[PDB]
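Residue numbers (the entry's author numbering), protein chains in the order written: chain e, 2 to 98; chain a, 1 to 87; chain P, 2 to 207; chain b, 2 to 130; chain R, 29 to 254; chain c, 2 to 97; chain g, 2 to 61.
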Amino acid sequence: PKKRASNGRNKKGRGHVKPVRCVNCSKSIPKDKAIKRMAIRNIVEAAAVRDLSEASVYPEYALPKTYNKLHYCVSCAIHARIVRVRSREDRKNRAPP
Amino acid sequence: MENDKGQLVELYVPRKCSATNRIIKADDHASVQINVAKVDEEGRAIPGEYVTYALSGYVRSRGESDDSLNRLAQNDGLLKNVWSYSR
Amino acid sequence: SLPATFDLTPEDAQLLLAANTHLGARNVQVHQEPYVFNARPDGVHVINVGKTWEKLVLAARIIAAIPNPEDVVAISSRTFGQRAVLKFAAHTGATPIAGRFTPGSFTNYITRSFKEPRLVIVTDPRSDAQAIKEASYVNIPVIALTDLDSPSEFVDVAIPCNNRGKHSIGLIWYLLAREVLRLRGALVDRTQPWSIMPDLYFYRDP
Amino acid sequence: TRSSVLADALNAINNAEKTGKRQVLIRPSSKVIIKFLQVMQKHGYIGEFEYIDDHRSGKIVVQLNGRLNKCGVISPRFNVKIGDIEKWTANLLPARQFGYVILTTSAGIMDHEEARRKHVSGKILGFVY
Amino acid sequence: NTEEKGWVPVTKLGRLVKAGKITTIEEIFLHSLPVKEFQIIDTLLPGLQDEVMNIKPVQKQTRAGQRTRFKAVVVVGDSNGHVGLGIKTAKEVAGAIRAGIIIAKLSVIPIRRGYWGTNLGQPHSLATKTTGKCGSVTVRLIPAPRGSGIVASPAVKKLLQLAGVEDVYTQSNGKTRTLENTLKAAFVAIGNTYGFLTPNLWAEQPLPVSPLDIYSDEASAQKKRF
Amino acid sequence: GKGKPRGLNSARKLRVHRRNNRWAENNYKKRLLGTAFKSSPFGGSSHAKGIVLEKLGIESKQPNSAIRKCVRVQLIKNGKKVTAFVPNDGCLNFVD
Amino acid sequence: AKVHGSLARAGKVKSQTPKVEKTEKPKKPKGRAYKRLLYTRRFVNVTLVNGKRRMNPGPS
RNA sequence: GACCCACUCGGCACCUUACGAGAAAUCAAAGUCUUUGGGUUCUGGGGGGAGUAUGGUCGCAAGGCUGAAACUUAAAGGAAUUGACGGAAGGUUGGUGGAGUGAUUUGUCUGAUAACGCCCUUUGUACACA
RNA sequence: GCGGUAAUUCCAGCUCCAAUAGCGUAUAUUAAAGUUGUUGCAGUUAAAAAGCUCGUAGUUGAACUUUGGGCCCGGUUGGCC
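In structure tokens form, the structure reads like this:
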């Protein structure tokens, strides 16, 4: 059974893309198929924010965040990361939440 | 639909469609028959008499039965303007 | 055929235009229906009210042709529309259904809400799709109160009206009910404005 | 490349007939197509068509009345011989008592029943019923 | 004893059938009025006999062990020109058969039977080349001359004998061993006879008035206390 | 236009394709290659007469568990070693 | 497969079974008479219960 | 220069229907095919034996291209369905009626409503004495 | 697919069925086989669309180049004559 119309995630009218290495397992996988996630976590967590903000020099100052694009290998995407396996009807649904 | 010597055989003469002239058939339940009463001066409905229209199942499925009904009733003469022949 | 009595009077037009029935759909006109008049700015398409009145007179004329008034069934899922259908059933004949349509209605017996109507009328075909589809399996013509964006599957004499709510659908229902009382009833020509008001139908506060 | 124009015309007529129309536009017309539609029009499978003029091809706007079940081309126009027409009728027509396998003779483009009485035959063309 | 017959005319056709307003089935066929009750077409024309066809078991694996049921394909008919095909599945055999017969009675369809070529006393064959499909099985029915018989598979042949189609050729494609599909295909084919314009049917009639409107006040869904 | 050429003057490609594509079915292959005459124990004939070699005890397949009692036979004409079943109940003690 | 086998049992069952004889009876009338006889037993009266009939009934 | 509105041609694909098609899954084309003809190149005919042997031809080589038989077997597969299993994820039954060509499913459900009167769900499956 | 000790499939006997002075068994072949397919197959997933393009033969290839109108002569169909 052809279990998806798309087959791989987002590749039509091309035939080839440059592969990317998975961040967790170092598996090679196409850039379109990488099930990527924009991780946008802070340098200090909500637990560490208060006393660290109190004892810092200068008022407020900044307190920036770490930005990075996480890639994955499908296997790793299901095992560790949120994604799950879904029903035939929920395979059709596209929204992030 | 006859035999050699007069005598009309071929049981049940089918209903032609008003819109496309396709034969509406025995089994087909999607088909419709609209009945419109005969108004006149002095108002009021006048029961007994009907202008009838047989819409086919296909016409209704496809979803342009409305347009066809607008056309059919107009040439009979119960709609000033409404539906333009041109487009 | 087409008498001078059953014409669009200015007062009725002024009611219609007051009610904002002439304001059509925001998004798109469905290609099945040509009842368009001037693509006005701010994303609105105005409806030919002269047609709307006429189609209404057609629907009414069809309804009046049905021998028993009890067999006709009005349907609605919009609260405004529910009120309207109840008023239509209060004034004329024709038993209504408000709220949940309760599928399996027009199909085979055994259920309590078994009705075999000669004719059916609906507020919205998108919201009451199940009713429309139900009607197709036992020779039921539908007379929907469609908009520009709405479908027209299994529908006959579809009436182009604004079907948002507030004062809109109720006005159309008022016009229908009044029309079918004028036919097969004791009311006079255009002179009489009729005792019951359009304010009676409209919406259901709070 | 439009290999047979008559074939295309017939395709258009059939699709429009199936979709439930009363009218079609067909391009780019011919003598053959016009003769064909006259043959059809004589027995009354279609209404009054109209050839417009444009300096190149010619479009036909055909008005059909829904008596037409299906009419279709027989490519390649084989060579038919006296009594082969009967065999052709048995292959593609629904019954003996009606329908027309239209065919081109040296006499002219014509239905099969007229060819029997005129006692002629030639290259086959489409059919109608 | 303490018995009673009890017809119970639910729906708008029952009362008509009981009162005896409509005598024939022709009206029903014309206006496509859906026959819900099986007792409509029974007393409307008592000459409508019957027939079976085939019984096969159908199984169903489950938690506990294995459920089993019996499917019965029951074709019913009458030698004038009306037939019904009723497929049914139930755990009992008799229950499957009776219900199948009921279903067959519910969905009856007439056949437009005509001549081969010449016109003579009494139609014998089909009017046109008809074809019906169901899955792989496409059954085609080709008109045959007088006294030629029903040249077909034993099941299809029986279906046609029930109708009162004396002389007719047949073919088929696909995996015809399954009667589940084949008889359905045949039914579809004999049904499509009336859905085909011959030249004699172009003569446009006026559209008969629906009989439901004639007797709406007389016999219909009455209120009635007790 | 359904794969194959429906040209009026293209008989060649039709007949040639068919001749190429006949090589598939059993009867056409068995006939034209001359396989009955070349190969096989009999010379494409119904009954071939033969001598014997020895009596056998053939171990039958599953599920049909038995011993079949056949004979190894050398024929007259080619003189090929063949195996041959002996019909009916008993009846292996007739032949030697 | 293996050629060796226990051939000693060849014709085991044909031997040990009891060799009784045919019973003599009244003569079956042959040809057209037989056809007549068949027609008589079939298309007269006697059949099994239900719609179906058993042409060779077992005694029970 | 950019954007918005309406139209436009050329594709990239997409979303909804099913008019039709398909055994199905599904398809705006796999549609316009027993109502079986728009033109035209290429390939297949039960599965193993075998993409093997033999022959030629191509190449420095590895291999490619073309490509059998004898013999052997009553299957092989494809799709979907019910369970069963998972070292996968999360937290009872008919009547009538629809959905399907059926297997059947829906009802007997997310926490309202195509229904009306260890256990579970979804997915994977070459198992189905599991 | 039957046969592991109750065999509706074996061995016999009773009774029955088919064809009936004729039946069975082989091997070849025709039909069914629309399982060779021109009429009339299939090629997304079941066997199968050749990596893609060029290109010679071969196959196929727009429309358009006189219809209409009459005048008579005049045979063939069926009914009053």
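Heads up, the beta-carbon is just placed ideally off N, CA and C, and yes, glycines get one too.
By alpha-carbon distance to P:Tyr36, the top candidate from a:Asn70, a:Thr52, a:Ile34, a:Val32 is a:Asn70. DSSP places b:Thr105 in the uninterrupted beta strand (DSSP E) bounded by 101-105. Shortest Cα-Cα distance from a:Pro14 to any of R:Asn29, R:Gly93, R:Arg140 involves R:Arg140. In this structure, R:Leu207 sits near R:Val101, with a CB-CB distance shorter than 8 Å. In the DSSP assignment, no residue is bridged to a:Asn70. Chain c has no Cβ within less than 8 Å of the Cβ of b:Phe50. Between P:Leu87 and P:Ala95, the C-beta spacing is not below 8 Å. Within its own chain, the residues whose Cβ lies closer than 6 Å to the Cβ of P:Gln83, once the five positions on either side in sequence are excluded, are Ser77, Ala99, listed in chain order. For P:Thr80, the uninterrupted alpha helix (DSSP H) segment begins and ends at 80-92. Counting along the chain, R:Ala213 sits inside the alpha helix (DSSP H) bounded by residues 207-219. Here DSSP, grouped into helix, strand and coil, assigns e:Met39 to strand. Taking CB atoms only, b:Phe128 has no neighbour in chain c less than 8 Å away.
Any Cβ of chain b closer than 8 Å to the Cβ of c:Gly45 would place that residue at the interface, and such an atom is absent. Taking 8 Å as the cut-off, the Cβ atoms of g:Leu49 and g:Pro60 do not count as close. Looking from the CA of P:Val45, the closest CA among P:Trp54, P:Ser169, P:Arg27 belongs to P:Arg27. Burial state of e:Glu61 is exposed, judged by a 10 Å Cβ sphere holding fewer than 16 other Cβ atoms. The three-state reading of DSSP puts R:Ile69 in helix, counting H, G and I together. Taking a contact to require three or more Cβ pairs closer than 8 Å, the region 117-131 of chain P and the region 143-150 of chain P qualify as touching. The beta carbon of b:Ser76 falls within 8 Å of a beta carbon belonging to chain c, placing the residue at that interface.
Here DSSP, grouped into helix, strand and coil, assigns R:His110 to strand. Scanning its chain for C-beta atoms nearer than 6 Å, with the 5 sequence neighbours on each side dropped, one finds around b:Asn66 the residues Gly48, in chain order. Secondary structure note for c:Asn28: its alpha helix (DSSP H) is the uninterrupted segment 27-33.
Any Cβ of chain P closer than 8 Å to the Cβ of R:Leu229 would place that residue at the interface, and such an atom is absent. Here the region 149-156 of chain R makes no contact with the region 118-134 of chain R; the two share fewer than three CB pairs at distances below 8 Å. A straight-line Cα-Cα distance of about 14 Å links g:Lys29 and g:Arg42.
At a beta-carbon threshold of 9 Å, the residues of chain a lying near P:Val158 are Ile34, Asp66, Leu69, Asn70, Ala73, ordered along the chain. The beta carbon of b:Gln64 does not come within 8 Å of any beta carbon belonging to chain R, so the residue lies off that interface. Short of 8 Å from the beta carbon of P:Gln30, and not among the five residues preceding or following it, lie these beta carbons of its own chain, in chain order: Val37, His46, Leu149, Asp150. At the C-beta level, R:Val179 and R:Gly202 stay beyond 8 Å of one another.
In this structure, the beta-carbon distance from P:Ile63 to a:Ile34 falls below 8 Å. Between the alpha carbons of g:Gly6 and R:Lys185 lies a distance of about 54 Å.
Taking a contact to require three or more Cβ pairs closer than 8 Å, the region 212-222 of chain R and the region 181-197 of chain R qualify as touching. Within the region 114-140 of chain P, the residues whose Cβ lies closer than 9 Å to some Cβ of chain R are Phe115, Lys116, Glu117, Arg119, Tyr138, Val139, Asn140, listed in chain order. Annotation: Cβ neighbours of R:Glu232 in chain a (cutoff 7 Å, chain order): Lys16. DSSP places e:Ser29 in the strand class (E or B) of the three-state scheme. Within the region 30-62 of chain a, contact with chain R at the beta-carbon level (separation under 8 Å) is assigned to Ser31, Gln33, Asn35, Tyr50, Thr52, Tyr53, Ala54.
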